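If you want the authors' numbering, it's the 1-based position in the sequence shown plus 978.
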Amino acid sequence: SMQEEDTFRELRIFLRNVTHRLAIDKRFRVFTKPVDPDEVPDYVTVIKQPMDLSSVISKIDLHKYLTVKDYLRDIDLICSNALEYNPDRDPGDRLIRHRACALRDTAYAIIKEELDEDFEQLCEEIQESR
Ligand SMILES: Cc1c[nH]c(=O)[nH]c1=O
């Protein structure tokens, strides 16, 4: 229905805004674009499902997220990929893991404060009906 399409458009607007706020945070610069294979040649071999905030925006725009839960799975993926690819005690790895955890926690915190639970429940119910 057109009311349903209006719901999903509102979702997309909300998600772009959260994603923009994450993307402009200097701590998260490393997560804003896909990994450069020149710079990191084995990345695309080790990490099976690369994700980054530019790709998140492309997916919002492609109507691939019908719920905040689906969006959060991709935020989670950005984080788990970083924990998997940089697991060492070395300070570079530890820095990127900290930042990955901060990205995830920040996204969850924004969503906890700003997403109405009934809005999300509506999205989920429309999704389940299709
Ligand atoms: C996204 C990313 C970039 N560079 C790295 O060394 N590791 C990563 O996980």
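All C-beta atoms, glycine included, are put in the ideal place defined by N, C-alpha and C.
In this structure, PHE992 sits away from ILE1104, with a CB-CB distance that is not shorter than 9 angstroms. Ligand 1 approaches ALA1060 closely enough that one of its heavy atoms is under 8 angstroms from the residue's Cβ. Below 8 angstroms, too few C-beta pairs join the region 1058 to 1075 and the region 1090 to 1108 to call them touching: fewer than three. Straight-line spacing of the CA atoms in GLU1062 and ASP1020 works out to 13 angstroms.
In the displayed model, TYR1063 falls within a helix according to three-state DSSP. Distances between the C-beta of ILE1074 and the heavy atoms of ligand 1 include at least one below 8 angstroms.
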